[PDB]
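Note: the block below is structure-v7.cif and it holds mmCIF, C-alpha atoms and all ligand atoms.
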```
data_work
#
loop_
_atom_site.label_atom_id
_atom_site.label_comp_id
_atom_site.auth_asym_id
_atom_site.auth_seq_id
_atom_site.Cartn_x
_atom_site.Cartn_y
_atom_site.Cartn_z
CA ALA M 1 103.72 93.10 -128.33
CA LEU M 2 100.71 92.79 -130.65
CA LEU M 3 98.06 93.61 -128.01
CA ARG M 4 97.91 96.91 -126.15
CA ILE M 5 96.27 96.83 -122.73
CA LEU M 6 94.37 100.11 -122.42
CA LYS M 7 93.44 101.85 -119.20
CA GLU M 8 89.93 103.30 -119.17
CA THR M 9 91.31 106.84 -118.82
CA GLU M 10 93.11 106.84 -122.20
CA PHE M 11 90.06 106.32 -124.43
CA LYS M 12 86.44 107.47 -124.60
CA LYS M 13 83.32 106.24 -126.35
CA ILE M 14 81.77 109.01 -128.50
CA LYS M 15 78.78 107.65 -130.45
CA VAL M 16 77.17 104.24 -130.97
CA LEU M 17 77.78 102.90 -134.50
CA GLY M 18 75.73 99.71 -134.16
CA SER M 19 74.56 96.80 -132.06
CA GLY M 20 74.43 93.10 -132.73
CA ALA M 21 73.93 89.75 -131.06
CA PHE M 22 77.31 90.03 -129.31
CA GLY M 23 77.70 93.67 -128.27
CA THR M 24 77.78 97.37 -129.10
CA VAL M 25 80.17 99.15 -131.47
CA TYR M 26 81.23 102.75 -130.81
CA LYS M 27 83.16 105.41 -132.57
CA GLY M 28 85.77 106.36 -129.97
CA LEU M 29 88.89 108.44 -129.41
CA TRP M 30 92.32 107.37 -128.19
CA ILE M 31 94.12 110.13 -126.30
CA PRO M 32 97.84 109.27 -126.08
CA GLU M 33 99.30 109.93 -122.64
CA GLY M 34 101.07 113.28 -122.52
CA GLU M 35 99.86 114.25 -126.00
CA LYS M 36 97.12 116.61 -127.19
CA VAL M 37 95.80 114.61 -130.17
CA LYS M 38 92.60 112.54 -130.26
CA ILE M 39 92.88 109.56 -132.58
CA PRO M 40 89.61 107.96 -133.77
CA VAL M 41 89.18 104.24 -133.02
CA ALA M 42 86.43 101.65 -133.08
CA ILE M 43 85.37 100.13 -129.76
CA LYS M 44 83.32 96.94 -129.39
CA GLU M 45 81.79 96.49 -125.93
CA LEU M 46 80.78 92.85 -125.56
CA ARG M 47 77.71 91.59 -123.78
CA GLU M 48 78.21 89.24 -120.90
CA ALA M 49 79.29 85.82 -122.09
CA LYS M 50 85.38 83.77 -117.98
CA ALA M 51 88.32 85.00 -115.90
CA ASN M 52 90.11 88.13 -117.12
CA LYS M 53 93.23 86.06 -117.84
CA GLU M 54 91.37 83.62 -120.09
CA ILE M 55 89.80 86.52 -122.00
CA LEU M 56 93.25 88.04 -122.42
CA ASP M 57 94.56 84.73 -123.78
CA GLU M 58 91.81 84.69 -126.42
CA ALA M 59 92.57 88.34 -127.18
CA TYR M 60 96.24 87.58 -127.94
CA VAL M 61 94.98 85.17 -130.60
CA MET M 62 92.70 87.81 -132.17
CA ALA M 63 95.66 90.24 -132.10
CA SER M 64 98.03 87.80 -133.81
CA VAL M 65 96.27 87.35 -137.17
CA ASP M 66 98.25 88.86 -140.07
CA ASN M 67 96.40 88.95 -143.39
CA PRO M 68 95.12 91.91 -145.47
CA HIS M 69 91.55 90.47 -145.53
CA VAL M 70 91.22 89.72 -141.80
CA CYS M 71 90.76 92.34 -139.08
CA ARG M 72 93.22 92.27 -136.19
CA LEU M 73 92.40 93.16 -132.59
CA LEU M 74 94.63 96.10 -131.58
CA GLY M 75 93.80 96.81 -127.92
CA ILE M 76 91.66 95.63 -125.03
CA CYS M 77 90.39 96.96 -121.71
CA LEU M 78 89.01 94.55 -119.11
CA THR M 79 88.48 96.84 -116.11
CA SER M 80 84.68 96.66 -116.39
CA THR M 81 83.06 95.37 -119.56
CA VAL M 82 85.16 93.66 -122.24
CA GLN M 83 86.15 96.52 -124.56
CA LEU M 84 87.90 95.69 -127.87
CA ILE M 85 89.74 98.38 -129.84
CA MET M 86 90.53 98.31 -133.56
CA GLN M 87 91.05 100.80 -136.38
CA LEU M 88 88.01 102.91 -137.31
CA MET M 89 86.64 101.87 -140.73
CA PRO M 90 84.52 104.85 -141.90
CA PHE M 91 82.85 102.84 -144.66
CA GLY M 92 81.26 100.39 -142.18
CA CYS M 93 80.22 96.88 -143.12
CA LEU M 94 79.91 95.47 -146.64
CA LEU M 95 76.22 94.58 -146.20
CA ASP M 96 75.34 98.25 -145.66
CA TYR M 97 77.69 99.26 -148.48
CA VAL M 98 76.08 97.04 -151.13
CA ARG M 99 72.56 98.09 -150.08
CA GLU M 100 73.61 101.73 -150.30
CA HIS M 101 75.00 101.16 -153.85
CA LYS M 102 72.17 98.74 -154.81
CA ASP M 103 72.41 98.64 -158.61
CA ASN M 104 75.47 100.89 -159.00
CA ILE M 105 78.20 98.27 -158.32
CA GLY M 106 80.11 96.78 -161.21
CA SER M 107 80.93 93.13 -161.67
CA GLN M 108 84.64 93.79 -161.02
CA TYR M 109 83.88 94.97 -157.49
CA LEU M 110 81.50 92.10 -156.73
CA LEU M 111 83.86 89.34 -157.87
CA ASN M 112 86.92 90.90 -156.27
CA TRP M 113 85.07 91.08 -152.94
CA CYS M 114 84.31 87.38 -153.28
CA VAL M 115 88.02 86.74 -153.87
CA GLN M 116 89.04 88.81 -150.86
CA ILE M 117 86.58 87.12 -148.51
CA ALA M 118 87.70 83.66 -149.67
CA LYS M 119 91.33 84.71 -149.07
CA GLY M 120 90.73 85.87 -145.50
CA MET M 121 88.71 82.74 -144.79
CA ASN M 122 91.47 80.55 -146.22
CA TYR M 123 93.95 82.28 -143.90
CA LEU M 124 91.69 81.65 -140.88
CA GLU M 125 91.53 78.00 -141.94
CA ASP M 126 95.35 77.94 -141.95
CA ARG M 127 95.35 79.23 -138.37
CA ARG M 128 92.58 76.71 -137.43
CA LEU M 129 90.21 79.55 -136.56
CA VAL M 130 86.57 78.68 -137.28
CA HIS M 131 84.49 81.84 -137.76
CA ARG M 132 80.97 80.46 -136.97
CA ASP M 133 79.30 83.73 -138.07
CA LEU M 134 80.53 84.75 -141.52
CA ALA M 135 78.00 87.09 -143.18
CA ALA M 136 78.08 90.33 -145.13
CA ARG M 137 77.44 92.17 -141.85
CA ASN M 138 80.77 90.80 -140.55
CA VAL M 139 82.82 91.95 -143.56
CA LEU M 140 84.16 95.47 -143.07
CA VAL M 141 84.98 97.89 -145.88
CA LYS M 142 88.41 99.49 -145.48
CA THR M 143 88.06 101.05 -148.92
CA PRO M 144 85.60 99.99 -151.63
CA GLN M 145 88.55 98.09 -153.16
CA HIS M 146 89.62 96.37 -149.88
CA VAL M 147 87.34 94.39 -147.53
CA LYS M 148 88.22 92.55 -144.31
CA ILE M 149 86.60 89.80 -142.22
CA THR M 150 85.97 90.55 -138.54
CA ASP M 151 84.66 88.76 -135.42
CA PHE M 152 85.83 85.21 -136.02
CA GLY M 153 85.62 83.33 -132.74
CA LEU M 154 83.15 85.82 -131.25
CA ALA M 155 80.20 83.44 -131.63
CA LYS M 156 82.07 80.58 -129.92
CA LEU M 157 83.55 82.50 -126.97
CA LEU M 158 80.12 84.01 -126.19
CA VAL M 159 72.05 82.81 -133.75
CA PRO M 160 72.33 83.24 -137.55
CA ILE M 161 70.28 80.23 -138.63
CA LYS M 162 69.88 81.53 -142.19
CA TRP M 163 73.69 81.54 -142.67
CA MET M 164 74.43 78.19 -140.99
CA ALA M 165 75.18 74.82 -142.57
CA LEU M 166 72.54 72.16 -141.94
CA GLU M 167 74.87 70.22 -139.63
CA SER M 168 75.40 73.36 -137.52
CA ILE M 169 71.63 73.82 -137.18
CA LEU M 170 70.86 70.20 -136.41
CA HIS M 171 73.92 69.28 -134.34
CA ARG M 172 75.88 72.46 -133.41
CA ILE M 173 78.83 71.17 -135.46
CA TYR M 174 81.11 74.06 -136.52
CA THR M 175 84.02 73.42 -138.92
CA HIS M 176 85.77 75.23 -141.76
CA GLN M 177 83.43 73.38 -144.12
CA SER M 178 80.42 74.86 -142.33
CA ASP M 179 82.06 78.28 -142.76
CA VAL M 180 82.01 77.46 -146.49
CA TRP M 181 78.21 77.24 -146.31
CA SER M 182 78.06 80.71 -144.75
CA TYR M 183 80.46 81.98 -147.41
CA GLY M 184 77.98 80.90 -150.07
CA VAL M 185 75.19 82.77 -148.32
CA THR M 186 77.48 85.81 -148.01
CA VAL M 187 78.13 85.66 -151.76
CA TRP M 188 74.35 85.47 -152.28
CA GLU M 189 73.94 88.60 -150.12
CA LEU M 190 76.45 90.51 -152.23
CA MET M 191 75.00 89.36 -155.57
CA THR M 192 71.50 90.40 -154.52
CA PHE M 193 72.78 93.81 -153.26
CA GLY M 194 72.01 92.89 -149.67
CA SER M 195 68.73 91.00 -149.83
CA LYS M 196 67.66 89.19 -146.70
CA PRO M 197 67.95 85.41 -147.30
CA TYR M 198 64.71 83.44 -146.96
CA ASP M 199 62.85 86.68 -146.28
CA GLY M 200 59.60 85.99 -144.44
CA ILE M 201 60.42 82.32 -143.76
CA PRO M 202 60.79 81.71 -139.99
CA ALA M 203 64.18 80.49 -138.82
CA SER M 204 62.69 77.36 -137.25
CA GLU M 205 61.65 76.21 -140.76
CA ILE M 206 65.07 76.50 -142.47
CA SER M 207 66.24 73.02 -141.47
CA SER M 208 63.16 71.46 -143.05
CA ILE M 209 63.29 73.35 -146.34
CA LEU M 210 67.02 72.58 -146.61
CA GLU M 211 66.41 68.84 -146.16
CA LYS M 212 63.74 69.03 -148.88
CA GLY M 213 66.47 70.40 -151.19
CA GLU M 214 65.29 74.02 -151.47
CA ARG M 215 68.06 76.64 -151.62
CA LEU M 216 68.36 80.38 -152.09
CA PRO M 217 67.33 81.44 -155.61
CA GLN M 218 69.63 82.41 -158.41
CA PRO M 219 70.30 86.20 -158.21
CA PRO M 220 69.20 87.98 -161.41
CA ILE M 221 72.72 89.23 -162.19
CA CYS M 222 74.38 85.80 -161.74
CA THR M 223 75.22 83.55 -164.64
CA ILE M 224 74.83 79.88 -163.89
CA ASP M 225 78.61 79.56 -163.34
CA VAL M 226 78.38 81.84 -160.29
CA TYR M 227 75.16 80.25 -159.03
CA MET M 228 76.67 76.75 -159.27
CA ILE M 229 79.44 77.88 -156.90
CA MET M 230 76.87 78.96 -154.33
CA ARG M 231 74.90 75.72 -154.75
CA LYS M 232 78.09 73.73 -154.11
CA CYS M 233 78.64 75.64 -150.85
CA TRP M 234 75.21 74.40 -149.72
CA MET M 235 75.68 70.67 -150.30
CA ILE M 236 74.51 68.55 -147.39
CA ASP M 237 77.74 66.52 -147.42
CA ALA M 238 80.22 68.98 -145.96
CA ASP M 239 83.20 67.26 -147.58
CA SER M 240 81.61 67.77 -151.02
CA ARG M 241 81.65 71.55 -150.50
CA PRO M 242 84.36 73.70 -152.13
CA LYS M 243 87.50 74.51 -150.17
CA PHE M 244 88.31 78.17 -149.58
CA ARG M 245 91.45 77.87 -151.70
CA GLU M 246 89.36 76.46 -154.58
CA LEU M 247 86.99 79.42 -154.20
CA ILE M 248 89.89 81.91 -154.45
CA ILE M 249 90.98 80.31 -157.71
CA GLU M 250 87.49 80.17 -159.22
CA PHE M 251 86.50 83.71 -158.31
CA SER M 252 89.92 84.98 -159.40
CA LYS M 253 89.44 83.31 -162.80
CA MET M 254 85.99 84.94 -163.10
CA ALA M 255 87.34 88.37 -162.12
CA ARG M 256 89.59 88.31 -165.21
CA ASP M 257 86.48 88.33 -167.47
CA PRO M 258 83.84 89.76 -165.12
CA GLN M 259 81.17 90.69 -167.67
CA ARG M 260 81.06 87.06 -168.80
CA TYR M 261 80.00 85.88 -165.32
CA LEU M 262 77.71 88.65 -164.05
CA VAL M 263 75.11 90.49 -166.12
CA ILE M 264 74.79 94.07 -164.86
CA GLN M 265 73.11 96.93 -166.74
CA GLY M 266 75.64 99.68 -167.34
CA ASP M 267 78.48 97.42 -166.15
CA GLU M 268 80.78 98.84 -168.85
CA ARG M 269 80.64 102.23 -167.04
CA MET M 270 81.38 100.73 -163.59
CA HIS M 271 84.98 99.53 -163.74
CA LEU M 272 87.59 99.59 -160.98
CA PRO M 273 89.23 102.97 -160.30
CA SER M 274 91.89 104.33 -162.61
CA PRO M 275 95.46 104.12 -161.26
CA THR M 276 95.11 107.80 -160.25
CA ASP M 277 92.09 107.28 -157.98
CA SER M 278 93.56 104.05 -156.62
CA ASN M 279 96.80 105.78 -155.59
CA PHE M 280 94.77 108.55 -153.94
CA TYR M 281 92.57 106.09 -152.02
CA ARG M 282 95.59 104.12 -150.79
CA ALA M 283 97.62 107.17 -149.77
CA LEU M 284 94.78 108.55 -147.66
CA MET M 285 93.08 105.44 -146.25
CA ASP M 286 95.02 102.23 -146.89
CA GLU M 287 98.80 102.59 -146.70
CA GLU M 288 99.07 98.83 -145.89
CA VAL M 289 92.27 91.08 -159.93
CA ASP M 290 91.65 92.97 -163.21
CA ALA M 291 89.94 92.16 -166.58
CA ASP M 292 92.11 91.18 -169.53
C1 LIG I 1 80.01 93.00 -136.43
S1 LIG I 1 79.68 94.79 -136.40
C2 LIG I 1 81.22 95.68 -136.13
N1 LIG I 1 82.14 95.36 -135.21
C3 LIG I 1 83.10 96.24 -135.30
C4 LIG I 1 84.32 96.16 -134.40
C5 LIG I 1 84.95 97.29 -133.59
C6 LIG I 1 86.17 97.00 -132.73
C7 LIG I 1 86.77 95.60 -132.68
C8 LIG I 1 86.10 94.50 -133.49
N2 LIG I 1 86.53 93.14 -133.61
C9 LIG I 1 87.72 92.62 -133.04
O1 LIG I 1 88.49 93.27 -132.42
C10 LIG I 1 87.94 91.17 -133.41
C11 LIG I 1 88.92 91.02 -134.54
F1 LIG I 1 89.50 92.17 -135.01
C12 LIG I 1 89.23 89.62 -135.05
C13 LIG I 1 88.51 88.43 -134.42
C14 LIG I 1 87.50 88.60 -133.30
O2 LIG I 1 86.87 87.48 -132.76
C15 LIG I 1 87.21 90.00 -132.80
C16 LIG I 1 86.21 90.23 -131.69
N3 LIG I 1 86.70 89.66 -130.46
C17 LIG I 1 85.99 88.58 -129.70
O3 LIG I 1 84.98 88.07 -130.02
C18 LIG I 1 86.81 88.27 -128.45
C19 LIG I 1 86.56 87.25 -127.30
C20 LIG I 1 87.57 87.16 -126.16
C21 LIG I 1 88.80 88.06 -126.14
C22 LIG I 1 89.01 89.06 -127.28
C23 LIG I 1 87.99 89.15 -128.45
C24 LIG I 1 87.94 90.02 -129.70
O4 LIG I 1 88.73 90.86 -130.02
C25 LIG I 1 84.90 94.79 -134.36
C26 LIG I 1 82.80 97.11 -136.30
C27 LIG I 1 83.60 98.26 -136.81
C28 LIG I 1 85.08 98.24 -136.67
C29 LIG I 1 85.86 99.39 -137.24
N4 LIG I 1 85.15 100.49 -137.91
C30 LIG I 1 83.70 100.51 -138.07
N5 LIG I 1 83.11 101.62 -138.77
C31 LIG I 1 81.68 101.84 -138.93
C32 LIG I 1 81.25 103.08 -139.70
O5 LIG I 1 80.87 101.10 -138.49
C33 LIG I 1 82.89 99.36 -137.51
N6 LIG I 1 81.64 96.76 -136.81
#
```

Starting from the file, give its structure as structure tokens.
Amino acid sequence: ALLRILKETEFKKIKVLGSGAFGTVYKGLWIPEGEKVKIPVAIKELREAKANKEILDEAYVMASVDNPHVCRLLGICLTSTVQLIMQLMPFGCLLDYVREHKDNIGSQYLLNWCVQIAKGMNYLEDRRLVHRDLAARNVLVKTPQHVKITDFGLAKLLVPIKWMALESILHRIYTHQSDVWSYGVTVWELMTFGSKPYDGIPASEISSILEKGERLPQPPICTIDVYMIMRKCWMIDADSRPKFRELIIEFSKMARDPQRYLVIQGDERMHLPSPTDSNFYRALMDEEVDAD
């Protein structure tokens, strides 16, 4: 009951919202049968990678996740292309969000996003779902206070070298501990307000600079405590890397004293919303950690 099979005649693509390595995302409308309302949805049309039944079996898995920081597949249509339906998130992905708010994001937001991403990843680890492509472009913003991971398993069932653990580059090994590497790069993206990692360095060179011990640089706003977390995510020995549940704890601890761990100009005037604005955001958009 968690996956709705849609017929092509009950939804329509309206405008393209983006494209990626795996398909095209549309703003769409769902038109309930026998009703006169048009409900906005998001539609992902995949590129060609599988029998329809095997695709449906993978879809039931994507539809069965249940965690506030992980997107769930809601509906699917397999008549022509593979078309995936989920709730429309008007804020888009977190990478675009942080670039758009470049030096106007407080430390409380940044650290809470790190907590939320670690929580969704930890849940995927519990379900034995390896993401393979965690990055700020695959974290969706439901509200600025609530982010959600999408597209786990998409990489497998269908190449982000600059987000991949060394063992994934050299040997195509993909585990939860290689997702931890990508988590560290995702944290780096957030802390640099969406900088491109290893900008200007060709992808084919990343393996060699990693083996020489070079890593992404310390973001200007990060205290060493935050930067050490990222460095630990990029250890060559995958079993030396942090676990997602250890990352939740560490980033949650930091979120309780955020201005001690990130150094942001004007941070004092960039706190989380008052209870009034939070209640308003939740009532309108989100009916489903603070300083001490
Ligand atoms: C990266 S860009 C991007 N994508 C999307 C998008 C749109 C619709 C659906 C999805 N994803 C899933 O349904 C899904 C998921 F929920 C969890 C895991 C997962 O693996 C998948 C994918 N997946 C597969 O690989 C796959 C293979 C075989 C069978 C079945 C499946 C299968 O379902 C994503 C957006 C987006 C979404 C909502 N609002 C906006 N708003 C603005 C302003 O942009 C953007 N942005």

task = Extract, using all atoms listed in the file, all DNA, RNA and protein residues at most 12 Å from residue 145 (chain M), discarding same-chain residues fewer than 5 positions from it, and format them as an NGL selection string.
result = :M and (68-69 or 91 or 94 or 97 or 105-106 or 108-116 or 140 or 271-274 or 277-279 or 281-282 or 285-286 or 289-290)

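Coordinates place CA of residue 146 (chain M) at a distance of 25.1 Å from CA of residue 4 (chain M).
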
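Among the candidates M:149, M:86, M:221, M:77, the one nearest to ligand LIG 1 (chain I) when counting only C-alpha atoms and all ligand atoms is M:86.
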
If the box runs along x, y and z of the file and leaves 3 Å on each side of region 162-178 of chain M, what are its centre and edge lengths in Å, one decimal, as JSON?
```
{"center_x": 77.8, "center_y": 75.4, "center_z": -138.8, "size_x": 21.9, "size_y": 18.3, "size_z": 16.7}
```

request  = Go ahead and compute the interatomic distance for CA of residue 83 (chain M) and CA of residue 147 (chain M), in Å to one decimal.
outcome  = 23.1 Å

query = Quick one, how far is CA of residue 219 (chain M) from CA of residue 150 (chain M)?
reply = 25.5 Å

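Using all atoms listed in the file, every residue with an atom at most 10 Å from the point (96.3, 84.6, -149.3) is listed here: residues 67, 68, 69, 115, 116, 118, 119, 120, 121, 122, 123, 126, 245 and 248 of chain M.
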
Could you give me, as a PDB file with C-alpha atoms, in the frame of the given file, every polymer residue with an atom at most 8 Å away from an atom of ligand LIG 1 (chain I), counting only C-alpha atoms and all ligand atoms?
```pdb
ATOM      1  CA  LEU M  17      77.780 102.900-134.500  1.00  0.00           C
ATOM      2  CA  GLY M  18      75.730  99.710-134.160  1.00  0.00           C
ATOM      3  CA  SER M  19      74.560  96.800-132.060  1.00  0.00           C
ATOM      4  CA  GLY M  20      74.430  93.100-132.730  1.00  0.00           C
ATOM      5  CA  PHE M  22      77.310  90.030-129.310  1.00  0.00           C
ATOM      6  CA  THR M  24      77.780  97.370-129.100  1.00  0.00           C
ATOM      7  CA  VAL M  25      80.170  99.150-131.470  1.00  0.00           C
ATOM      8  CA  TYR M  26      81.230 102.750-130.810  1.00  0.00           C
ATOM      9  CA  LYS M  27      83.160 105.410-132.570  1.00  0.00           C
ATOM     10  CA  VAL M  41      89.180 104.240-133.020  1.00  0.00           C
ATOM     11  CA  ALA M  42      86.430 101.650-133.080  1.00  0.00           C
ATOM     12  CA  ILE M  43      85.370 100.130-129.760  1.00  0.00           C
ATOM     13  CA  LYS M  44      83.320  96.940-129.390  1.00  0.00           C
ATOM     14  CA  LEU M  46      80.780  92.850-125.560  1.00  0.00           C
ATOM     15  CA  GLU M  54      91.370  83.620-120.090  1.00  0.00           C
ATOM     16  CA  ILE M  55      89.800  86.520-122.000  1.00  0.00           C
ATOM     17  CA  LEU M  56      93.250  88.040-122.420  1.00  0.00           C
ATOM     18  CA  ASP M  57      94.560  84.730-123.780  1.00  0.00           C
ATOM     19  CA  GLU M  58      91.810  84.690-126.420  1.00  0.00           C
ATOM     20  CA  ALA M  59      92.570  88.340-127.180  1.00  0.00           C
ATOM     21  CA  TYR M  60      96.240  87.580-127.940  1.00  0.00           C
ATOM     22  CA  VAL M  61      94.980  85.170-130.600  1.00  0.00           C
ATOM     23  CA  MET M  62      92.700  87.810-132.170  1.00  0.00           C
ATOM     24  CA  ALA M  63      95.660  90.240-132.100  1.00  0.00           C
ATOM     25  CA  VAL M  65      96.270  87.350-137.170  1.00  0.00           C
ATOM     26  CA  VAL M  70      91.220  89.720-141.800  1.00  0.00           C
ATOM     27  CA  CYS M  71      90.760  92.340-139.080  1.00  0.00           C
ATOM     28  CA  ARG M  72      93.220  92.270-136.190  1.00  0.00           C
ATOM     29  CA  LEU M  73      92.400  93.160-132.590  1.00  0.00           C
ATOM     30  CA  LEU M  74      94.630  96.100-131.580  1.00  0.00           C
ATOM     31  CA  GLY M  75      93.800  96.810-127.920  1.00  0.00           C
ATOM     32  CA  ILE M  76      91.660  95.630-125.030  1.00  0.00           C
ATOM     33  CA  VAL M  82      85.160  93.660-122.240  1.00  0.00           C
ATOM     34  CA  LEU M  84      87.900  95.690-127.870  1.00  0.00           C
ATOM     35  CA  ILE M  85      89.740  98.380-129.840  1.00  0.00           C
ATOM     36  CA  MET M  86      90.530  98.310-133.560  1.00  0.00           C
ATOM     37  CA  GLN M  87      91.050 100.800-136.380  1.00  0.00           C
ATOM     38  CA  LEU M  88      88.010 102.910-137.310  1.00  0.00           C
ATOM     39  CA  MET M  89      86.640 101.870-140.730  1.00  0.00           C
ATOM     40  CA  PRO M  90      84.520 104.850-141.900  1.00  0.00           C
ATOM     41  CA  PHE M  91      82.850 102.840-144.660  1.00  0.00           C
ATOM     42  CA  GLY M  92      81.260 100.390-142.180  1.00  0.00           C
ATOM     43  CA  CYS M  93      80.220  96.880-143.120  1.00  0.00           C
ATOM     44  CA  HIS M 131      84.490  81.840-137.760  1.00  0.00           C
ATOM     45  CA  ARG M 137      77.440  92.170-141.850  1.00  0.00           C
ATOM     46  CA  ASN M 138      80.770  90.800-140.550  1.00  0.00           C
ATOM     47  CA  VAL M 139      82.820  91.950-143.560  1.00  0.00           C
ATOM     48  CA  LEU M 140      84.160  95.470-143.070  1.00  0.00           C
ATOM     49  CA  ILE M 149      86.600  89.800-142.220  1.00  0.00           C
ATOM     50  CA  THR M 150      85.970  90.550-138.540  1.00  0.00           C
ATOM     51  CA  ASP M 151      84.660  88.760-135.420  1.00  0.00           C
ATOM     52  CA  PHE M 152      85.830  85.210-136.020  1.00  0.00           C
ATOM     53  CA  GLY M 153      85.620  83.330-132.740  1.00  0.00           C
ATOM     54  CA  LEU M 154      83.150  85.820-131.250  1.00  0.00           C
ATOM     55  CA  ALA M 155      80.200  83.440-131.630  1.00  0.00           C
ATOM     56  CA  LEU M 157      83.550  82.500-126.970  1.00  0.00           C
ATOM     57  CA  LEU M 158      80.120  84.010-126.190  1.00  0.00           C
TER      58      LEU M 158
END
```

inquiry  = Residues within 10 Å of residue 33 (chain M), please, as a PyMOL selection string. Count all atoms listed in the file; anything in the same chain fewer than 4 positions from it doesn't count.
reply    = chain M and resi 9-10+37

ask   = Which residues, protein or nucleic acid, reach to within 10 Å of (80.7, 86.7, -164.8) in the file's coordinates when using all atoms listed in the file, and can you give that as a ChimeraX atom specification?
value = /M:107-108,110-111,221-226,251,253-264

task = Identify, on the basis of all atoms listed in the file, every residue whose closest approach to residue 166 (chain M) does not exceed 8 Å; exclude the query and any residue fewer than 6 positions from it along the same chain; express the result as a PyMOL selection string.
result = chain M and resi 207+210+236

Could you give me, as CSV, every region 108-142 of chain M residue with an atom at most 6 Å from region 181-188 of chain M, plus its closest atom pair and distance in Å to one decimal, counting all atoms listed in the file, rows ordered by chain then number?
```
residue,atom,partner,partner_atom,distance
M:134,CA,M:182,CA,5.7
M:135,CA,M:186,CA,5.0
M:136,CA,M:186,CA,5.4
```

Export, as a compact mmCIF listing (two decimals), keeping the file's coordinate frame, the selected residues with C-alpha atoms.
```
# COMPACT_ATOMS: atom_id res chain seq x y z
CA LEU M 134 80.53 84.75 -141.52
CA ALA M 135 78.00 87.09 -143.18
CA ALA M 136 78.08 90.33 -145.13
```

Selection: 9 Å around region 98-102 of chain M, all atoms listed in the file, excl. self and same-chain fewer than 6 positions, as a PDB file with C-alpha atoms, in the coordinates of the input:
```pdb
ATOM      1  CA  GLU M 189      73.940  88.600-150.120  1.00  0.00           C
ATOM      2  CA  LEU M 190      76.450  90.510-152.230  1.00  0.00           C
ATOM      3  CA  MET M 191      75.000  89.360-155.570  1.00  0.00           C
ATOM      4  CA  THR M 192      71.500  90.400-154.520  1.00  0.00           C
ATOM      5  CA  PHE M 193      72.780  93.810-153.260  1.00  0.00           C
ATOM      6  CA  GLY M 194      72.010  92.890-149.670  1.00  0.00           C
ATOM      7  CA  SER M 195      68.730  91.000-149.830  1.00  0.00           C
TER       8      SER M 195
END
```
